[PDB]
């Protein structure tokens, strides 16, 4: 396989437009695979990338959520082959390092997250066709591009009868929330759960809590449209903070839990002040908070009195989901329809219309946006 010429969405400067460019995609080197994208999606992490956060690397092809088919492989691709359906991964799972051997973490020492925007050898496989200028990728694999190249340890081969839109959603937020309910804290039968923020992450928490038999599942969101979505996934109670401007969120949760708070609180907004509220909403002595959302600031402040309260604060990436061990189990639940993801899909666009996605995500009835591709002939 030679160099492929295709289209990709490129951002050239912080807060600049995302524009369609003709690019070249080099063939995969050793331990790489080249993927034809089947569909993609978008979350807040992609928006941050267009503003140069965390690292301003430009020009850049955004996108980390999606699914594709292997078009070609380098040497030593660990059994991957053309025609396999794969989803890109945030981090790998070597199964042999000190962290993998514990069974207690998904934070593999050997395949950790990357922030370089480049392949393992410090070069890019993607370049502007007109100039040859090198383009940074996003995370371990750009998905807003007709073709991408990834390290074989950062893709997961998946069952080919999973729907591609649903696999795209399981490559990030819903899986993060769903997995957190047994990998980061053990939601048990009869326990109480509160979920701050009812986007795809919070909907994953809600469904995970429901499948674990939580008997009270409180969703909190300022967007009233989210209440019906939460109910579909198992939410038992809804709080809109804007209905009570003189009450704190933790006060409102305690009102539903006999003044005690919940066993497990999941922070799925990223709003910095809501970390403190999540802690105050969980039970003294036996409550756990998992802060999934990110606020993008330098540090986050915790009321110093919470340090005496016996609560457990469990830090977390990708919901504690191990990407080779646990992620296939979640996909299988989707295949077997134990989880139903159709209600996540609210909007569809094609890649040429990528700029419209940044307006669509502001709409109150948006949950997940699907990005579709055209075929070359």
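Positions refer to the first chain, counted from 1.
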Can you let me know which of the two, 148 to 156 or 278 to 286, has the higher average C-alpha B-factor in the entry? 148 to 156
Using only C-alpha atoms and the B-factors in the entry, which stretch averages higher, 34 to 42 or 47 to 55? 47 to 55
Which one of 264, 216, 226, 75 shows the biggest C-alpha B-factor in the PDB entry? 75
Identity of residue with top Cα B-factor, from 97, 80, 107, 118: 80
B-factor third for the C-alpha atom of residue 326 within its chain: middle
Chain third (lowest, middle, highest) by recorded CA B-factor, residue given as residue 29: highest
By the entry's values, the third containing the CA B factor of residue 339 is the highest
In terms of the chain's CA B-factor thirds, is residue 161 lowest, middle or highest? highest
Sorting the chain's CA B-factors, does residue 111 end up in the lowest, middle or highest third? middle
